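For reference, the structure is listed below as structure tokens.
Letters A, B, C, D, E, F and G mark the chains in the order given here, with residues in each chain numbered from 1 onward.
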Amino acid sequence: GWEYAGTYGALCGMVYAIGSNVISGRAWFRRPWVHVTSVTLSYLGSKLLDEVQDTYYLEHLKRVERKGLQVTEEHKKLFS
Amino acid sequence: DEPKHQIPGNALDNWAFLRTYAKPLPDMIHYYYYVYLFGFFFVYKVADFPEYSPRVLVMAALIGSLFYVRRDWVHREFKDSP
Amino acid sequence: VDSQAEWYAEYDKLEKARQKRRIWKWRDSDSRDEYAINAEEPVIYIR
Amino acid sequence: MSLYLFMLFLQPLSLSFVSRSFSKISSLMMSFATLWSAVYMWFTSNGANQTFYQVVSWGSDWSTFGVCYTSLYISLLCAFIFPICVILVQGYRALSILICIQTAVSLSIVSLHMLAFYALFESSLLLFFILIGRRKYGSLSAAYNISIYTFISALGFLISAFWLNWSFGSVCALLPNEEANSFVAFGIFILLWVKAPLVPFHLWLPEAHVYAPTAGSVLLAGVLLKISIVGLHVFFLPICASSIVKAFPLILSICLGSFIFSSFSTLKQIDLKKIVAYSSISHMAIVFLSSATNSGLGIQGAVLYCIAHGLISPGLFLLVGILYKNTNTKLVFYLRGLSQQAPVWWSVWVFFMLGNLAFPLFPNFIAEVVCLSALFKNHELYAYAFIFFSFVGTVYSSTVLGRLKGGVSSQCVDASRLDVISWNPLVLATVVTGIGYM
Amino acid sequence: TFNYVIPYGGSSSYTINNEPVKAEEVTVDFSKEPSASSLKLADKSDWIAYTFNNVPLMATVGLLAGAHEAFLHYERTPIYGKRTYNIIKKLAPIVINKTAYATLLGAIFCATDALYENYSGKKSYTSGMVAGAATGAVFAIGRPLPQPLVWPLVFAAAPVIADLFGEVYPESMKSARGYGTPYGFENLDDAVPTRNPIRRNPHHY
Amino acid sequence: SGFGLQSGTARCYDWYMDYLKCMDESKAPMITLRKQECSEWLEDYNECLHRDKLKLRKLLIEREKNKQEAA
Amino acid sequence: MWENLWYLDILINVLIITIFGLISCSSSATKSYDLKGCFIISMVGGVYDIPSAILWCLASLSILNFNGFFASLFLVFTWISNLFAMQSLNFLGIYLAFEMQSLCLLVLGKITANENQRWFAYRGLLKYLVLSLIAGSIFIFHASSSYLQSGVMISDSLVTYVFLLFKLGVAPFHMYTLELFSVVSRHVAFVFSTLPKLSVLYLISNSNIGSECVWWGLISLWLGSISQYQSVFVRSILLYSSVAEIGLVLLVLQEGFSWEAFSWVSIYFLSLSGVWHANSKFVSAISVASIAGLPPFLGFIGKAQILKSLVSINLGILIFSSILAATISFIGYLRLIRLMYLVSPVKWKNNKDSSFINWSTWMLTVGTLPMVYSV
């Protein structure tokens, strides 16, 4: 779906690490290991959320085609 | 010293008015029990009510809101007297 | 900088998004009780 | 466009990584760099592309950003006035709040999606509730006023945006949609009615300006009032023209009543910031009515007069803040002899007050001429009504100037080098626009 | 338009009309039509009949309000202490007076509404405003100074809100669908449905 | 359940199953329409449950018998 | 026999974890993290769809912040009851599941109270018990009348609709929440004001329990907003917010918008997590902003789903009421922000047990842009 999901996920992992440090009173650079872990897991999670969304989009397309919605080939191209 | 709002009324008279809220307080389960029971039966009866015009429904809601007495109002003003 | 191509590509993206949303808004009831509305859906009940 | 958006996102980002002692310097450099990026956006905006100079999308309808005539003027105005706000404000907390507010507001102007516009614009709701309700010099009542007014108007706008997204399937401006419904038109209109202070929904602006800090007041007057015209040109007139033409007598009634009663309410003010804040409300009505005519003259005149206001009222607010720092008073009756005591401050104060009275060598003159011409295109009486009651502004401005000018005073209260650096850009911009480089 | 030279929006030709095209091939409706009881109650032809049909709502609301207040009083009275006065003699006036005054206000409202509509001969906002104004005037007979103004205004404003959001609002947005092609724009290429979506069955509770 | 309290099925299980089978046969797009089409089977099921029509017939016979006896 | 195995595995799992905890009970591990992980693994065997996966997610996030084997075991009991509420096909399933959940609520409330807190906590539990007995007795009496009249037990009836109105906590049935959740532990109030609702929403959507009446959701909205604005204590503010929002969600769910209510319940769980488990002012501030529906956070998306569903059904009175009541509730939320940063110096307990609180705040801030497709 979204073509910018992984980049967003990496930035949001940075958000997690820095925010967790700031809330606890520590500086943003403290606990460096948390940064790498947060970035990697957040990137993977953002990707996975995107495929889940795409899969249920396609399931809905199949259902509506069964029901009688006359989707064209281009409309079928809209749902990857 | 700073300019301050004038407080209407005397200090002791206002305190006496406020002290009329210090009365024996019933527990709220007694009200809640009856409201729950009559509300259940009321919801059962509502499905059988005739369909009313939206204008009449709104006027009935307005009248109910105006007629509703806050529980504190009865608390301050209650007298165990005829 | 081909402004015409950028304009038409952006408009096409927005129009595709609108078409996808209106397809996404076509929803019948997914209730398990509702076998009439969903008669063609492939399902198995374990009950 | 992309550079401008990236720099707008970079400014709040930098605060997280700065040393907390370099925050002021880094914030000032970031503000100037954003101004330069806005100049670059103007450079890369070709007038050949008549509908939209630039459109960028980042993967969704919500992430669609674009610049037009109104958007480009308003974005350059905010990027111009932000550095002055940065220097006026001290402390990491205050810097963070003001940077987040500016990022949200500047992203709202270039947004082309009504829902994204709503999301970015109302993100600065608590930030003003905290800002105007700060510990010692803030008032909770004013913060409550502004927050509640914004919430109700923006929620109505949001409901209209939801209905449009359901019916058309899209709420982006670039997709042509027209609606004749009056409920949706009012839902979009109420936000404009409140945000552009229009009687009787103008009560929030005064209390907010008086109890906001000088940087906060500068931003509020400079660009947050102008967000109404971005919404009107971008999200109301394209789709809701039938309703504005249906309700034009009512629109004129409300606008001219706002002008007259705001002018009369200004006469009853003893506080300098309140005087400037009420002058702003009277000034907004001409803009709103000129745009509502839906003519070429009206739109251009409204955006021009917005630029003139966003160059004149920030200067008055800045001068009043400087005087309050020097004197710890805002009451006109305490302040006397300012001509003799502060000749340099008095000169700029008189210059900006002349600008607010729309004298020819000021941008307000050109802008007012264009707006009055649009009103005259609609009807003669429409222009005549506004032209006459402009005399009320002269009365209160002259009374304030006369009260401040002379008397006996034992205090030298004149501006320092920092203060003069603060207003020099505004004076230069005012002159340059006044000679016709609008 | 998004430019400073030509007016925003657009215009549609009044001479040119577009043939209606169905939103879907087969239409299945889950919205039930008004009942005969609703049409009977809505009928304002005979003002007495209209009043007597719609007052049970007002009497019911007055009875709940009086019961609420009477229970607030009853809850307070002490069971452990024997009371010289009779509690129901104390409590019955509350409920009876609340119900009676509510019924009287609702009767004025409905009667004035039906009488104005009959005399005018048209269904309009003004009937509701006048009936509400009369009801609010009856509310504030002997009340202090702001209340002679505020209650007629509030009671008149209530039917305006009821008309605006109960009748005008639904009828203004009947055509809008949300599926297939936009109601105005069928020329655009959107997925066209054989059948409309049924998100729920007709209700029966 | 319909299991029958002794063995077999409930006393009116088969009538209800007739009504359910008729609802299964129909092609109407909503359950409400399908029930409208199959109402007569439901009337059979209600007849087996409570025997109201037979009770009314017995009441009418008893009333006419009493009227004859009095005359 | 194979279809029965799927359900039987969950039992066997729970029993062996219970007996293992009973055998391995020691002071060395009062915080039994290992049994918590075992319970979380065991609850994966009950996931069959997306709503069941949401049930699992909320159940695990709840079990993280309960302390002890015993409370975690009763949270697992609540999860079992909720899983069967979703699968109930008639009156008996609904009844069995929901009063099992009520028993779990009573036990959890009793075991998380100190000796000094017994006088009020036990009173609130007793009042909740008596009100629940009223609701269940009326439900089962009308169910007996219906089963006699129709010969069958059908979960599409007015009786189950009113019983599920009591379970949701709407219009005249919200007082038990106010009395009980004011006097119980903050975690107990948090988990039993969010998790039970998902099963009721699933049951309503799947079994066609919808009514034409809009009075109850309207009453819930207006009463909740006005009482939230008039309530002095902070717990009552948060409790009345749920009444208003669940009334609005009830109005949306009756019209068949199941997807939006299933997203709203999850976003509401995440939003309420931070204010209830208040340890930091900033986390609570973001949580309160999210509950208000405020744009930069995920709470805006959840409220937007419900409001967007409202404009589709095109009921004007509901929309007008929604706007005004939303403003009234916003005043109370602003009271909450004012109390933290703008009234007096604030000092709180250093309860450094933010298991999923930081993750929830991160999810509220971050998740807006990924989920923007929904609205």
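One rule holds for everything that comes next: a contact is a pair of C-beta atoms (placed from the backbone, for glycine too) under 8 Å apart; a residue touches a chain by one contact, two chains touch by 3 or more.
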Neighbours of chain G that also touch chain E are A, B, C, D, F
Taking mean C-alpha coords per chain and comparing to the overall C-alpha mean, nearest is chain G
Could you give the separation in Å between the centres of chain C and chain E, each centre being the mean of its C-alpha atoms? 36
When the centre of a chain is set as the mean of its C-alpha atoms, what distance in Å lies between chain C and chain F? 45
Distance between the CA centroids of chain B and chain E (whole Å) is 25
So chain D residues touching two or more other chains come to 51-52, 60, 163, 165-166, 168-169, 183
Chain F touches at least 2 other chains through residues 29-31
Chain B, residues touching no fewer than two other chains: 47, 54
Tell me, which parts of chain E touch chain G in their complex? 161-162, 164-166, 168-170, 173, 176, 178, 199-201, 203, 205
Contacts from chain F onto chain C in the complex sit at residues 27-31, 33-34
What residues on chain C touch chain E, complex-wise? 18-19, 22-23, 25-29, 34, 37
Mind pulling up the chain A residues that touch chain G in the complex? 1-2, 5, 8, 12, 15-16, 19-20, 23, 46, 49-50, 53
Chain E-touching residues of chain F, taken from the complex the two chains share: 29-32
